[PDB]
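A.B. asks: Structure below; questions to follow.
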Amino acid sequence: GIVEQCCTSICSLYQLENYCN
Amino acid sequence: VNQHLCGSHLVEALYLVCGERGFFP
C-alpha cells in the first residue's frame, strides 16, 4: 500500500499521483 | 535529505500533489 511504497521505501511523484482522487 | 513520507508528512505530500485530496489506500 501507500505506506509500504512511500514511508518504508521511497516513492516518486508519479507513484504518489496514483493515489489521488 | 530524507525522502521518506510517513504519517502527517505523507498526508501533506498528498494534499500538495493531489490538490482536492486523494483516497486513503
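The chains in the C-alpha cells are called A, B, ... from first to last as shown; in each chain the residues are counted from 1, and the ligands are counted from 1 in the order shown.
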Please provide the set of residues having any atom within 9 Å of region 1-16 of chain B, restricted to only C-alpha atoms, with same-chain residues fewer than 4 positions apart removed, written as number ranges by chain.
C.D. replies: A: 2-3, 6-11, 16-17, 19-20; B: 20-22
A.B. asks: If you run DSSP on this backbone, which residues of chain B come out as helix (DSSP H, G or I), and could you give them as a list in words?
C.D. replies: residues 8, 9, 10, 11, 12, 13, 14, 15, 16, 17 and 18 of chain B
A.B. asks: How about saving the chosen residues, N, CA, C and O atoms kept, as a compact mmCIF listing (two decimals), in the first residue's frame?
C.D. replies:
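Below is the file that was written, part.txt:
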```
# COMPACT_ATOMS: atom_id res chain seq x y z
N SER B 8 1.73 12.24 9.01
CA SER B 8 1.24 13.57 8.64
C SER B 8 2.03 14.14 7.46
O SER B 8 1.48 14.90 6.68
N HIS B 9 3.30 13.71 7.30
CA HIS B 9 4.16 14.14 6.21
C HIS B 9 3.68 13.57 4.87
O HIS B 9 3.74 14.24 3.84
N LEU B 10 3.19 12.33 4.89
CA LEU B 10 2.59 11.73 3.69
C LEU B 10 1.27 12.41 3.35
O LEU B 10 0.99 12.71 2.19
N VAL B 11 0.44 12.66 4.37
CA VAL B 11 -0.80 13.38 4.12
C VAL B 11 -0.53 14.72 3.46
O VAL B 11 -1.19 15.07 2.47
N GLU B 12 0.45 15.48 4.00
CA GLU B 12 0.79 16.81 3.49
C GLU B 12 1.25 16.69 2.04
O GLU B 12 0.88 17.51 1.19
N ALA B 13 2.09 15.68 1.75
CA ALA B 13 2.57 15.49 0.38
C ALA B 13 1.41 15.19 -0.57
O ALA B 13 1.35 15.75 -1.67
N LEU B 14 0.47 14.33 -0.16
CA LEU B 14 -0.72 14.04 -0.97
C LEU B 14 -1.61 15.28 -1.19
O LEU B 14 -2.08 15.51 -2.30
N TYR B 15 -1.82 16.09 -0.15
CA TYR B 15 -2.56 17.33 -0.33
C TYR B 15 -1.85 18.25 -1.33
O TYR B 15 -2.53 18.89 -2.13
N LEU B 16 -0.51 18.33 -1.26
CA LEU B 16 0.28 19.14 -2.19
C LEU B 16 0.12 18.66 -3.64
O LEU B 16 -0.20 19.46 -4.53
N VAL B 17 0.33 17.36 -3.84
CA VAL B 17 0.38 16.72 -5.15
C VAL B 17 -1.01 16.58 -5.78
O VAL B 17 -1.15 16.71 -7.00
N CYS B 18 -2.05 16.30 -4.97
CA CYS B 18 -3.39 15.98 -5.48
C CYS B 18 -4.31 17.21 -5.47
O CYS B 18 -5.32 17.24 -6.16
```
